>>> print(open('model-v8.csv').read())   # CSV, C-alpha atoms and all ligand atoms
chain,number,residue,atom,x,y,z
A,16,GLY,CA,22.6,4.9,4.4
A,17,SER,CA,20.9,4.5,7.7
A,18,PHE,CA,17.8,6.6,8.6
A,19,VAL,CA,17.4,5.7,12.3
A,20,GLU,CA,15.0,8.5,13.2
A,21,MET,CA,12.7,7.2,10.4
A,22,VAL,CA,12.9,3.5,11.2
A,23,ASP,CA,9.8,2.3,13.1
A,24,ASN,CA,7.8,5.5,12.4
A,25,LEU,CA,4.7,3.6,11.2
A,26,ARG,CA,2.0,2.0,13.3
A,27,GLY,CA,-1.5,0.6,12.6
A,28,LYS,CA,-4.3,-1.8,13.3
A,29,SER,CA,-4.5,-5.0,11.2
A,30,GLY,CA,-6.6,-4.2,8.1
A,31,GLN,CA,-6.9,-0.6,9.1
A,32,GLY,CA,-3.7,0.8,7.5
A,33,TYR,CA,-0.4,2.1,8.6
A,34,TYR,CA,0.0,5.7,9.8
A,35,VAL,CA,2.8,8.0,10.5
A,36,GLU,CA,3.0,11.0,12.9
A,37,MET,CA,2.8,14.4,11.3
A,38,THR,CA,2.5,17.9,12.6
A,39,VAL,CA,0.5,20.6,10.9
A,40,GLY,CA,0.2,24.3,11.7
A,41,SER,CA,2.0,26.8,13.8
A,42,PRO,CA,2.3,25.9,16.6
A,43,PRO,CA,2.5,22.2,15.4
A,44,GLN,CA,-0.6,20.1,15.9
A,45,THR,CA,0.2,16.4,16.0
A,46,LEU,CA,-1.9,14.0,13.9
A,47,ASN,CA,-1.7,10.3,12.9
A,48,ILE,CA,-1.8,10.1,9.1
A,49,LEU,CA,-2.5,7.1,6.9
A,50,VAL,CA,0.4,6.3,4.6
A,51,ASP,CA,-1.4,5.8,1.3
A,52,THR,CA,0.5,5.2,-2.0
A,53,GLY,CA,-2.9,4.7,-3.7
A,54,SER,CA,-4.0,8.3,-3.4
A,55,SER,CA,-2.6,11.8,-3.9
A,56,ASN,CA,-4.2,14.1,-1.3
A,57,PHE,CA,-3.0,15.2,2.0
A,58,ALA,CA,-6.3,15.3,3.9
A,59,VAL,CA,-6.9,15.6,7.6
A,60,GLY,CA,-9.9,15.5,9.9
A,61,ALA,CA,-10.6,19.2,10.7
A,62,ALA,CA,-13.9,18.9,12.6
A,63,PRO,CA,-15.5,16.6,15.2
A,64,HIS,CA,-16.4,13.0,14.1
A,65,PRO,CA,-17.5,10.1,16.2
A,66,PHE,CA,-14.4,8.1,15.2
A,67,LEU,CA,-12.0,11.1,15.4
A,68,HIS,CA,-10.3,11.8,18.7
A,69,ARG,CA,-8.2,14.7,17.6
A,70,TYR,CA,-8.4,16.9,14.5
A,71,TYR,CA,-6.9,19.8,12.7
A,72,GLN,CA,-7.9,23.2,14.2
A,73,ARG,CA,-7.1,25.7,11.5
A,74,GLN,CA,-8.1,28.7,13.6
A,75,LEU,CA,-5.2,27.8,16.0
A,76,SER,CA,-2.6,27.9,13.3
A,77,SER,CA,-0.9,31.2,12.5
A,78,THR,CA,0.6,29.8,9.3
A,79,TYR,CA,-2.7,28.5,8.0
A,80,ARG,CA,-3.8,29.9,4.6
A,81,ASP,CA,-7.3,29.3,3.4
A,82,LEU,CA,-7.5,28.4,-0.3
A,83,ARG,CA,-11.2,29.2,-0.3
A,84,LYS,CA,-12.1,26.1,-2.3
A,85,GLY,CA,-13.9,22.9,-1.4
A,86,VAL,CA,-12.9,19.4,-2.4
A,87,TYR,CA,-15.3,16.4,-2.6
A,88,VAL,CA,-13.9,12.9,-2.7
A,89,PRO,CA,-16.6,10.3,-3.3
A,90,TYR,CA,-15.6,6.6,-3.8
A,91,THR,CA,-16.9,3.1,-3.5
A,92,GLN,CA,-17.9,2.9,0.2
A,93,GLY,CA,-18.3,6.6,1.0
A,94,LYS,CA,-16.7,10.0,0.7
A,95,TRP,CA,-14.8,12.7,2.3
A,96,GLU,CA,-15.4,16.3,1.8
A,97,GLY,CA,-13.4,19.3,3.0
A,98,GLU,CA,-11.8,22.7,2.6
A,99,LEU,CA,-8.5,23.3,0.9
A,100,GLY,CA,-5.8,25.3,2.5
A,101,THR,CA,-2.1,25.3,3.1
A,102,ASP,CA,-0.1,25.2,6.2
A,103,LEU,CA,3.3,24.2,7.5
A,104,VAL,CA,3.8,20.5,7.8
A,105,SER,CA,6.5,18.4,9.4
A,106,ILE,CA,7.1,14.6,10.1
A,107,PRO,CA,8.5,14.4,13.6
A,108,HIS,CA,10.1,11.0,12.8
A,109,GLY,CA,11.0,12.1,9.3
A,110,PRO,CA,13.5,14.3,7.7
A,111,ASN,CA,14.3,17.5,9.7
A,112,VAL,CA,12.4,19.8,7.3
A,113,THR,CA,9.2,21.9,7.3
A,114,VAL,CA,7.3,22.5,4.0
A,115,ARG,CA,4.2,24.4,3.0
A,116,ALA,CA,1.8,21.9,1.6
A,117,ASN,CA,-1.8,21.7,0.4
A,118,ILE,CA,-4.0,20.3,3.2
A,119,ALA,CA,-7.6,19.2,2.7
A,120,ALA,CA,-9.4,20.0,6.0
A,121,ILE,CA,-12.0,17.2,6.1
A,122,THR,CA,-15.2,18.6,7.4
A,123,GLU,CA,-17.7,16.0,6.3
A,124,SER,CA,-17.2,12.3,5.7
A,125,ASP,CA,-19.0,9.0,5.4
A,126,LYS,CA,-17.4,5.6,6.1
A,127,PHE,CA,-13.9,7.2,5.7
A,128,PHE,CA,-12.6,7.4,9.3
A,129,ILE,CA,-12.5,3.9,10.8
A,130,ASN,CA,-13.5,3.3,14.4
A,131,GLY,CA,-10.4,2.4,16.4
A,132,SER,CA,-7.9,3.0,13.6
A,133,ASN,CA,-6.1,5.8,15.5
A,134,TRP,CA,-5.5,7.8,12.3
A,135,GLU,CA,-7.1,11.2,11.7
A,136,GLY,CA,-5.9,11.9,8.1
A,137,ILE,CA,-4.4,10.5,4.9
A,138,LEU,CA,-1.2,11.1,3.2
A,139,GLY,CA,-1.6,10.4,-0.5
A,140,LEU,CA,1.9,9.6,-1.8
A,141,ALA,CA,0.9,9.0,-5.4
A,142,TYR,CA,1.1,11.5,-8.3
A,143,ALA,CA,-0.8,14.7,-9.0
A,144,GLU,CA,-2.8,13.1,-11.9
A,145,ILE,CA,-5.0,11.4,-9.3
A,146,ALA,CA,-5.2,14.4,-6.9
A,147,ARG,CA,-8.6,15.9,-6.1
A,148,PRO,CA,-10.2,18.1,-7.1
A,149,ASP,CA,-7.7,18.0,-10.0
A,150,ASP,CA,-4.0,17.6,-10.8
A,151,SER,CA,-3.1,21.2,-10.1
A,152,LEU,CA,-3.3,20.4,-6.4
A,153,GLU,CA,0.2,19.5,-5.7
A,154,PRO,CA,0.6,16.4,-3.5
A,155,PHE,CA,2.6,16.6,-0.3
A,156,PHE,CA,5.6,14.6,-1.6
A,157,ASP,CA,6.0,16.8,-4.6
A,158,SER,CA,6.1,19.9,-2.4
A,159,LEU,CA,8.4,18.2,0.1
A,160,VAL,CA,10.9,17.5,-2.7
A,161,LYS,CA,10.6,20.9,-4.3
A,162,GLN,CA,11.0,22.8,-1.1
A,163,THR,CA,13.9,20.8,0.4
A,164,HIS,CA,16.9,18.8,-0.6
A,165,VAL,CA,15.0,15.5,0.1
A,166,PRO,CA,15.6,13.1,-2.8
A,167,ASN,CA,12.6,12.2,-4.8
A,168,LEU,CA,12.2,8.7,-3.3
A,169,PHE,CA,10.6,7.1,-0.3
A,170,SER,CA,10.5,3.6,0.9
A,171,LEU,CA,8.1,1.5,3.0
A,172,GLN,CA,8.8,-1.4,5.2
A,173,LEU,CA,5.3,-2.6,6.3
A,174,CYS,CA,5.8,-5.3,8.9
A,175,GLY,CA,2.3,-6.5,9.7
A,176,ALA,CA,2.5,-8.2,13.1
A,188,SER,CA,-1.4,-4.1,15.9
A,189,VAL,CA,1.0,-3.5,13.0
A,190,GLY,CA,4.2,-1.4,12.6
A,191,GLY,CA,6.9,-0.5,10.1
A,192,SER,CA,8.9,2.3,8.5
A,193,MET,CA,8.6,5.1,6.0
A,194,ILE,CA,12.1,6.3,5.0
A,195,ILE,CA,11.7,9.5,3.1
A,196,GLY,CA,14.4,10.5,0.8
A,197,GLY,CA,16.3,7.2,0.9
A,198,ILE,CA,16.8,3.5,1.3
A,199,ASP,CA,17.8,1.9,4.6
A,200,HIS,CA,19.8,-1.2,4.0
A,201,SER,CA,19.0,-2.5,7.6
A,202,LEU,CA,15.4,-3.0,6.4
A,203,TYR,CA,16.0,-5.5,3.6
A,204,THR,CA,18.1,-8.6,2.8
A,205,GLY,CA,19.4,-9.6,-0.6
A,206,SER,CA,18.9,-7.5,-3.7
A,207,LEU,CA,16.5,-4.7,-4.6
A,208,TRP,CA,14.9,-5.5,-7.9
A,209,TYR,CA,13.2,-2.6,-9.8
A,210,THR,CA,10.1,-2.6,-12.0
A,211,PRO,CA,9.3,0.5,-14.1
A,212,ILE,CA,6.5,2.8,-13.0
A,213,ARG,CA,4.5,2.4,-16.2
A,214,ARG,CA,2.8,5.7,-15.7
A,215,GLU,CA,2.9,8.3,-13.0
A,216,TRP,CA,-0.5,8.5,-11.5
A,217,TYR,CA,-1.0,5.6,-9.3
A,218,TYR,CA,2.2,3.6,-8.9
A,219,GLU,CA,1.3,1.5,-11.8
A,220,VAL,CA,3.3,-1.6,-12.6
A,221,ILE,CA,3.1,-4.5,-15.1
A,222,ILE,CA,2.7,-8.0,-13.9
A,223,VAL,CA,4.1,-10.4,-16.5
A,224,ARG,CA,3.5,-13.8,-14.9
A,225,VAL,CA,1.7,-15.2,-11.9
A,226,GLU,CA,2.5,-18.6,-10.2
A,227,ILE,CA,0.9,-20.4,-7.3
A,228,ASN,CA,3.5,-22.7,-5.8
A,229,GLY,CA,5.4,-22.5,-9.0
A,230,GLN,CA,2.4,-23.4,-11.1
A,231,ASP,CA,1.8,-20.8,-13.8
A,232,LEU,CA,-1.7,-19.3,-13.8
A,233,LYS,CA,-1.2,-19.4,-17.5
A,234,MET,CA,-3.4,-16.5,-18.5
A,235,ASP,CA,-2.9,-13.8,-21.1
A,236,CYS,CA,-0.7,-11.6,-19.1
A,237,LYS,CA,-2.9,-8.6,-19.9
A,238,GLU,CA,-5.4,-10.2,-17.6
A,239,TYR,CA,-3.0,-9.6,-14.7
A,240,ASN,CA,-3.1,-5.8,-15.5
A,241,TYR,CA,-6.7,-5.4,-16.5
A,242,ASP,CA,-7.2,-2.5,-16.3
A,243,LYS,CA,-4.1,-1.7,-14.2
A,244,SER,CA,-1.9,-3.0,-11.5
A,245,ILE,CA,-0.8,-0.7,-8.7
A,246,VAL,CA,1.2,-0.7,-5.5
A,247,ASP,CA,-1.1,0.6,-2.7
A,248,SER,CA,-0.2,0.8,1.0
A,249,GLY,CA,-3.7,2.1,1.7
A,250,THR,CA,-5.3,-1.2,0.6
A,251,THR,CA,-5.1,-4.2,2.9
A,252,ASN,CA,-5.6,-7.0,0.4
A,253,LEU,CA,-4.0,-8.4,-2.6
A,254,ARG,CA,-6.9,-7.6,-5.0
A,255,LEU,CA,-7.0,-9.3,-8.4
A,256,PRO,CA,-9.1,-8.8,-11.5
A,257,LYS,CA,-12.1,-11.2,-11.5
A,258,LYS,CA,-10.6,-13.6,-14.0
A,259,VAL,CA,-7.3,-13.8,-12.1
A,260,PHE,CA,-8.9,-14.0,-8.7
A,261,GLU,CA,-11.0,-17.0,-9.7
A,262,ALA,CA,-8.0,-18.8,-11.3
A,263,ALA,CA,-5.8,-17.9,-8.3
A,264,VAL,CA,-8.4,-19.1,-5.7
A,265,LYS,CA,-8.9,-22.3,-7.8
A,266,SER,CA,-5.2,-22.9,-7.6
A,267,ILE,CA,-4.9,-21.9,-4.0
A,268,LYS,CA,-7.7,-24.3,-3.1
A,269,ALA,CA,-6.1,-27.1,-5.0
A,270,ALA,CA,-2.7,-26.5,-3.3
A,271,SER,CA,-4.2,-26.4,0.2
A,272,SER,CA,-6.7,-29.2,-0.4
A,273,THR,CA,-5.5,-31.4,2.5
A,274,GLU,CA,-7.8,-29.0,4.4
A,275,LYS,CA,-11.2,-27.8,3.2
A,276,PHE,CA,-12.5,-24.4,4.2
A,277,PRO,CA,-15.9,-22.9,3.7
A,278,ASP,CA,-16.8,-21.0,0.5
A,279,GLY,CA,-17.1,-17.9,2.8
A,280,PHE,CA,-13.5,-18.1,3.9
A,281,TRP,CA,-12.4,-17.8,0.3
A,282,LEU,CA,-14.6,-14.7,-0.1
A,283,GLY,CA,-12.8,-13.2,2.8
A,284,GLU,CA,-15.9,-13.3,4.9
A,285,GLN,CA,-15.4,-16.1,7.4
A,286,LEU,CA,-12.4,-16.6,9.7
A,287,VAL,CA,-10.4,-19.8,9.9
A,288,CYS,CA,-9.0,-20.7,13.3
A,289,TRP,CA,-6.4,-23.1,14.5
A,290,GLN,CA,-5.2,-24.0,18.0
A,291,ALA,CA,-2.6,-21.4,19.0
A,292,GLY,CA,0.7,-22.0,17.1
A,293,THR,CA,-0.6,-24.8,14.9
A,294,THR,CA,-1.5,-22.8,11.8
A,295,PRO,CA,-0.5,-25.2,9.0
A,296,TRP,CA,1.3,-22.6,6.9
A,297,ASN,CA,2.9,-25.3,4.8
A,298,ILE,CA,-0.3,-26.6,3.3
A,299,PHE,CA,-0.9,-23.1,1.8
A,300,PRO,CA,0.9,-22.2,-1.4
A,301,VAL,CA,3.3,-19.3,-2.0
A,302,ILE,CA,2.2,-16.7,-4.6
A,303,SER,CA,4.6,-15.3,-7.1
A,304,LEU,CA,4.1,-12.2,-9.2
A,305,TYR,CA,6.7,-11.6,-11.9
A,306,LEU,CA,7.1,-7.9,-12.6
A,307,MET,CA,8.5,-6.3,-15.6
A,308,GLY,CA,12.2,-5.5,-15.2
A,309,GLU,CA,14.3,-2.5,-16.1
A,310,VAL,CA,16.2,-4.4,-18.7
A,311,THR,CA,14.8,-5.4,-22.0
A,312,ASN,CA,13.1,-8.9,-21.8
A,313,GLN,CA,13.9,-9.3,-18.2
A,314,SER,CA,11.5,-9.8,-15.3
A,315,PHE,CA,11.9,-10.6,-11.7
A,316,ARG,CA,9.6,-12.3,-9.2
A,317,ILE,CA,8.3,-11.4,-5.8
A,318,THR,CA,7.0,-14.3,-3.7
A,319,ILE,CA,4.7,-14.0,-0.7
A,320,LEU,CA,3.6,-16.5,1.8
A,321,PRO,CA,0.3,-17.4,3.4
A,322,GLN,CA,1.7,-15.5,6.4
A,323,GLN,CA,1.1,-12.4,4.2
A,324,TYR,CA,-2.2,-13.4,2.5
A,325,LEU,CA,-3.8,-14.9,5.6
A,326,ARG,CA,-4.4,-11.8,7.8
A,327,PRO,CA,-4.5,-12.5,11.5
A,328,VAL,CA,-7.7,-11.4,13.1
A,329,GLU,CA,-8.9,-11.3,16.7
A,335,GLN,CA,-7.8,-18.9,22.4
A,336,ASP,CA,-7.0,-19.7,18.8
A,337,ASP,CA,-5.1,-18.1,15.9
A,338,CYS,CA,-7.6,-16.8,13.4
A,339,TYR,CA,-7.3,-15.5,10.0
A,340,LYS,CA,-9.1,-13.9,7.1
A,341,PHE,CA,-8.2,-14.6,3.5
A,342,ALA,CA,-6.7,-11.3,2.3
A,343,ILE,CA,-6.9,-11.9,-1.4
A,344,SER,CA,-10.0,-10.5,-3.0
A,345,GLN,CA,-11.7,-9.8,-6.3
A,346,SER,CA,-11.2,-6.5,-8.1
A,347,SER,CA,-13.0,-4.7,-10.9
A,348,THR,CA,-10.4,-1.9,-11.1
A,349,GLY,CA,-7.4,-4.0,-11.6
A,350,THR,CA,-4.6,-5.6,-9.5
A,351,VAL,CA,-3.9,-3.9,-6.2
A,352,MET,CA,-0.7,-5.0,-4.5
A,353,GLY,CA,-1.8,-3.9,-1.1
A,354,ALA,CA,-0.3,-4.5,2.3
A,355,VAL,CA,-0.6,-8.3,1.6
A,356,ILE,CA,2.1,-7.8,-1.1
A,357,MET,CA,4.0,-5.0,0.7
A,358,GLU,CA,4.4,-6.8,4.0
A,359,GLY,CA,6.7,-9.3,2.4
A,360,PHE,CA,9.0,-6.6,1.2
A,361,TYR,CA,10.9,-3.4,1.6
A,362,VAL,CA,9.4,-1.4,-1.2
A,363,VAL,CA,11.2,1.6,-2.7
A,364,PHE,CA,9.1,4.2,-4.5
A,365,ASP,CA,12.0,5.6,-6.6
A,366,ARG,CA,10.1,8.5,-8.1
A,367,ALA,CA,13.3,10.1,-9.4
A,368,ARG,CA,14.0,7.1,-11.6
A,369,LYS,CA,10.3,6.1,-12.3
A,370,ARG,CA,10.7,2.7,-10.7
A,371,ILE,CA,9.6,0.7,-7.8
A,372,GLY,CA,12.1,-1.6,-6.0
A,373,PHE,CA,11.4,-4.7,-4.1
A,374,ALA,CA,13.6,-6.6,-1.7
A,375,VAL,CA,12.8,-9.1,1.0
A,376,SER,CA,11.8,-7.4,4.2
A,377,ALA,CA,14.0,-8.0,7.1
A,378,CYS,CA,10.8,-7.8,9.3
A,379,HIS,CA,8.4,-10.0,7.2
A,380,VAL,CA,6.4,-12.7,8.9
A,381,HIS,CA,7.5,-16.1,7.9
A,382,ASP,CA,8.1,-19.6,9.4
A,383,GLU,CA,11.2,-21.7,9.8
A,384,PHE,CA,11.0,-23.3,6.3
A,385,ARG,CA,9.8,-20.5,4.0
A,386,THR,CA,10.5,-16.8,3.4
A,387,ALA,CA,9.2,-14.2,1.0
A,388,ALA,CA,11.6,-13.9,-1.8
A,389,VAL,CA,12.6,-11.5,-4.6
A,390,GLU,CA,14.5,-13.3,-7.4
A,391,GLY,CA,15.7,-12.5,-10.9
A,392,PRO,CA,16.3,-12.2,-13.7
A,393,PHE,CA,13.9,-14.2,-15.9
A,394,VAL,CA,13.9,-14.0,-19.7
A,395,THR,CA,10.5,-12.6,-20.5
A,396,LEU,CA,9.6,-11.5,-24.0
A,397,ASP,CA,6.9,-9.1,-25.1
A,398,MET,CA,6.3,-7.7,-21.6
A,399,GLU,CA,4.8,-4.5,-23.0
A,400,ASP,CA,2.0,-6.6,-24.3
A,401,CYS,CA,1.2,-7.4,-20.7
A,402,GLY,CA,0.2,-3.8,-20.2
A,403,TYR,CA,-3.4,-2.9,-20.7
A,404,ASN,CA,-4.7,0.2,-22.5
B,1,LIG,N1,-5.5,3.5,-1.6
B,1,LIG,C1,-6.7,4.3,-1.6
B,1,LIG,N2,-6.8,5.4,-0.9
B,1,LIG,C2,-8.0,5.9,-1.1
B,1,LIG,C3,-8.7,7.0,-0.6
B,1,LIG,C4,-10.0,7.2,-1.1
B,1,LIG,CL1,-10.8,8.6,-0.5
B,1,LIG,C5,-10.6,6.4,-2.0
B,1,LIG,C6,-9.9,5.3,-2.5
B,1,LIG,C7,-8.6,5.0,-2.1
B,1,LIG,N3,-7.8,4.0,-2.3
B,1,LIG,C8,-8.0,2.9,-3.3
B,1,LIG,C9,-7.1,3.1,-4.5
B,1,LIG,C10,-6.8,1.7,-5.2
B,1,LIG,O1,-7.9,1.0,-5.6
>>> encode(input="model-v8.csv", output="structure tokens", more="lines below")
Ligand SMILES: Nc1nc2cc(Cl)ccc2n1CCCO
Amino acid sequence: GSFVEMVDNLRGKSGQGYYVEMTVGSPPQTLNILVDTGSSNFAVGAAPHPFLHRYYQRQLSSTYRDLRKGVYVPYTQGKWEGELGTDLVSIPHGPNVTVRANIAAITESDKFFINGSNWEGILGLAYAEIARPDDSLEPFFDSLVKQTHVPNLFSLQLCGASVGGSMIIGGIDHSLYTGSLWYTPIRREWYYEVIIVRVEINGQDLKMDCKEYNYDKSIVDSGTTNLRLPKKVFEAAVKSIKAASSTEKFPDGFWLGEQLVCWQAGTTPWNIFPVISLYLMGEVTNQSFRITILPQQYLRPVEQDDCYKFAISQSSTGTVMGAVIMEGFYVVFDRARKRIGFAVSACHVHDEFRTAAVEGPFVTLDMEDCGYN
């Protein structure tokens, strides 16, 4: 159908993630919450922090229940640390429901909250398997679906260009995509893990053992800015991208995502840069489909001139189809049918002569062999 109250309920800063408004507690305390399909905890600032401007005040909530258990979430750059509890949660620009949910009240953190991001918490929309401290801590979306009649599905239109978009909870809004939704199976319910079966740069096959594309996994992750690629794939991809864009040379550092590249306002030569196609395993035997993104997706605008960072980066933990991938597409997390749908976003950034694309089917044999174990 349409979901007009949910359309345009996401905001963000470029490279700092998309957030949605949520209320916690009785009476409701409004907070801006990162929409993160790459994690499974609902965690909110619950104490002062230099970069937090409002936080969850549990003592002010009558419906707050203390679970009397700590949670510690270390990772690459830092950590967050907090106190588990439950409280009533709503999404003002969401479905008209209120659910009791687990909430991690973040008390201590390091390099978690980003200066000027305007979000104060994280909504992990992935599965319980990757929830902290363990999978017995039911994620918000699980609770939402269990406590209401909201279908087990959500969809994200992340528009990029300050950034905005939409999270449609419990449905698919046709106003937000053009052409067909193509579905890839969720290989395993933990992250939203998918299988990439082929990769092209301007139609030229990267020509690797397709396992390399999914080493050690490939996931769809709204909480990651970049397209991240396994070392082997990243190098081959960058090699090909360089070759395709070779009428202009850029510094080594640009390709590492360090340095900006700038052009006179409006003269960015999009056309010299190649499109990137990921073929995803289809739902039908021996069928794949492809999603195609533009440089307008993988060259992230950064603050006279129009400046950009290269938003494809190397990974050691597999492929991450982050906001770079997602901003081309309306992405349907069809949990009920263990699949993820892609269609061309009606809001994606493109130029006169090229658009992101979702096309299929393609005969692709032995696609299970592309999965890494
Ligand atoms: N999306 C995401 N949200 C996260 C939250 C934390 Cl605390 C750590 C890592 C996170 N990631 C990365 C997962 C994919 O590599």
>>> residues_near_ligand(input="model-v8.csv", ligand="ligand LIG 1 (chain B)", cutoff="10 Å", atoms="only C-alpha atoms and all ligand atoms", output="ChimeraX atom specification")
/A:32,49-56,58,87-96,124,126-127,137-141,145,147,217-218,243-251,254,346-353
>>> atom_distance(input="model-v8.csv", atom1="atom CA of residue A:107", atom2="atom CA of residue A:83")
28.3 Å
>>> closest_atom_pairs(input="model-v8.csv", of="stretch 289-373 of chain A", to="stretch 194-199 of chain A", cutoff="10 Å", atoms="all atoms listed in the file", output="CSV")
residue,atom,partner,partner_atom,distance
A:361,CA,A:198,CA,9.1
A:362,CA,A:198,CA,9.2
A:363,CA,A:198,CA,7.1
A:364,CA,A:197,CA,9.5
A:365,CA,A:197,CA,8.8
>>> atom_distance(input="model-v8.csv", atom1="atom CA of residue A:62", atom2="atom CA of residue A:128")
12.0 Å
>>> closest_residue(input="model-v8.csv", among="A:277, A:359, A:327, A:65", to="residue A:303", atoms="only C-alpha atoms")
A:359
>>> closest_residue(input="model-v8.csv", among="A:37, A:398, A:305, A:30", to="residue A:340", atoms="all atoms listed in the file")
A:30
>>> residues_near_point(input="model-v8.csv", point="(-5.4, 26.5, 15.1)", cutoff="12 Å", atoms="only C-alpha atoms", output="compact mmCIF listing (two decimals) with C-alpha atoms, in the frame of the given file")
# COMPACT_ATOMS: atom_id res chain seq x y z
CA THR A 38 2.50 17.90 12.60
CA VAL A 39 0.50 20.60 10.90
CA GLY A 40 0.20 24.30 11.70
CA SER A 41 2.00 26.80 13.80
CA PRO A 42 2.30 25.90 16.60
CA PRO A 43 2.50 22.20 15.40
CA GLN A 44 -0.60 20.10 15.90
CA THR A 45 0.20 16.40 16.00
CA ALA A 61 -10.60 19.20 10.70
CA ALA A 62 -13.90 18.90 12.60
CA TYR A 70 -8.40 16.90 14.50
CA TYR A 71 -6.90 19.80 12.70
CA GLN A 72 -7.90 23.20 14.20
CA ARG A 73 -7.10 25.70 11.50
CA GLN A 74 -8.10 28.70 13.60
CA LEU A 75 -5.20 27.80 16.00
CA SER A 76 -2.60 27.90 13.30
CA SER A 77 -0.90 31.20 12.50
CA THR A 78 0.60 29.80 9.30
CA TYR A 79 -2.70 28.50 8.00
CA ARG A 80 -3.80 29.90 4.60
CA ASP A 102 -0.10 25.20 6.20
CA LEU A 103 3.30 24.20 7.50
CA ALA A 120 -9.40 20.00 6.00
>>> residues_around(input="model-v8.csv", residues="residue A:281", least_positions_apart="5", cutoff="8 Å", atoms="only C-alpha atoms", output="ChimeraX atom specification")
/A:264,276,341
>>> residues_around(input="model-v8.csv", residues="residue A:260", least_positions_apart="5", cutoff="7 Å", atoms="all atoms listed in the file", output="JSON, numbers by chain")
{"A": [255, 344, 345]}
>>> atom_distance(input="model-v8.csv", atom1="atom CA of residue A:159", atom2="atom CA of residue A:31")
25.9 Å
>>> residues_near_point(input="model-v8.csv", point="(12.5, -10.5, -1.1)", cutoff="9 Å", atoms="all atoms listed in the file", output="PDB file with C-alpha atoms, keeping the file's coordinate frame")
ATOM      1  CA  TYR A 203      16.000  -5.500   3.600  1.00  0.00           C
ATOM      2  CA  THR A 204      18.100  -8.600   2.800  1.00  0.00           C
ATOM      3  CA  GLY A 205      19.400  -9.600  -0.600  1.00  0.00           C
ATOM      4  CA  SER A 206      18.900  -7.500  -3.700  1.00  0.00           C
ATOM      5  CA  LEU A 207      16.500  -4.700  -4.600  1.00  0.00           C
ATOM      6  CA  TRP A 208      14.900  -5.500  -7.900  1.00  0.00           C
ATOM      7  CA  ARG A 316       9.600 -12.300  -9.200  1.00  0.00           C
ATOM      8  CA  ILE A 317       8.300 -11.400  -5.800  1.00  0.00           C
ATOM      9  CA  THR A 318       7.000 -14.300  -3.700  1.00  0.00           C
ATOM     10  CA  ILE A 319       4.700 -14.000  -0.700  1.00  0.00           C
ATOM     11  CA  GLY A 359       6.700  -9.300   2.400  1.00  0.00           C
ATOM     12  CA  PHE A 360       9.000  -6.600   1.200  1.00  0.00           C
ATOM     13  CA  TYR A 361      10.900  -3.400   1.600  1.00  0.00           C
ATOM     14  CA  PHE A 373      11.400  -4.700  -4.100  1.00  0.00           C
ATOM     15  CA  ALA A 374      13.600  -6.600  -1.700  1.00  0.00           C
ATOM     16  CA  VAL A 375      12.800  -9.100   1.000  1.00  0.00           C
ATOM     17  CA  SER A 376      11.800  -7.400   4.200  1.00  0.00           C
ATOM     18  CA  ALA A 377      14.000  -8.000   7.100  1.00  0.00           C
ATOM     19  CA  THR A 386      10.500 -16.800   3.400  1.00  0.00           C
ATOM     20  CA  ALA A 387       9.200 -14.200   1.000  1.00  0.00           C
ATOM     21  CA  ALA A 388      11.600 -13.900  -1.800  1.00  0.00           C
ATOM     22  CA  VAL A 389      12.600 -11.500  -4.600  1.00  0.00           C
ATOM     23  CA  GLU A 390      14.500 -13.300  -7.400  1.00  0.00           C
TER      24      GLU A 390
END
>>> residues_around(input="model-v8.csv", residues="residue A:191", least_positions_apart="3", cutoff="10 Å", atoms="only C-alpha atoms", output="PDB file with C-alpha atoms, in the frame of the given file")
ATOM      1  CA  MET A  21      12.700   7.200  10.400  1.00  0.00           C
ATOM      2  CA  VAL A  22      12.900   3.500  11.200  1.00  0.00           C
ATOM      3  CA  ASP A  23       9.800   2.300  13.100  1.00  0.00           C
ATOM      4  CA  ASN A  24       7.800   5.500  12.400  1.00  0.00           C
ATOM      5  CA  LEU A  25       4.700   3.600  11.200  1.00  0.00           C
ATOM      6  CA  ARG A  26       2.000   2.000  13.300  1.00  0.00           C
ATOM      7  CA  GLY A  27      -1.500   0.600  12.600  1.00  0.00           C
ATOM      8  CA  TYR A  33      -0.400   2.100   8.600  1.00  0.00           C
ATOM      9  CA  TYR A  34       0.000   5.700   9.800  1.00  0.00           C
ATOM     10  CA  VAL A  35       2.800   8.000  10.500  1.00  0.00           C
ATOM     11  CA  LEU A 171       8.100   1.500   3.000  1.00  0.00           C
ATOM     12  CA  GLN A 172       8.800  -1.400   5.200  1.00  0.00           C
ATOM     13  CA  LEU A 173       5.300  -2.600   6.300  1.00  0.00           C
ATOM     14  CA  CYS A 174       5.800  -5.300   8.900  1.00  0.00           C
ATOM     15  CA  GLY A 175       2.300  -6.500   9.700  1.00  0.00           C
ATOM     16  CA  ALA A 176       2.500  -8.200  13.100  1.00  0.00           C
ATOM     17  CA  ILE A 194      12.100   6.300   5.000  1.00  0.00           C
ATOM     18  CA  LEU A 202      15.400  -3.000   6.400  1.00  0.00           C
ATOM     19  CA  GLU A 358       4.400  -6.800   4.000  1.00  0.00           C
ATOM     20  CA  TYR A 361      10.900  -3.400   1.600  1.00  0.00           C
ATOM     21  CA  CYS A 378      10.800  -7.800   9.300  1.00  0.00           C
TER      22      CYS A 378
END
>>> residues_around(input="model-v8.csv", residues="residue A:262", least_positions_apart="5", cutoff="12 Å", atoms="all atoms listed in the file", output="list in words")
residues 225, 226, 227, 230, 231, 232, 233, 234, 238, 239, 255, 256, 257, 267, 268, 269, 344 and 345 of chain A
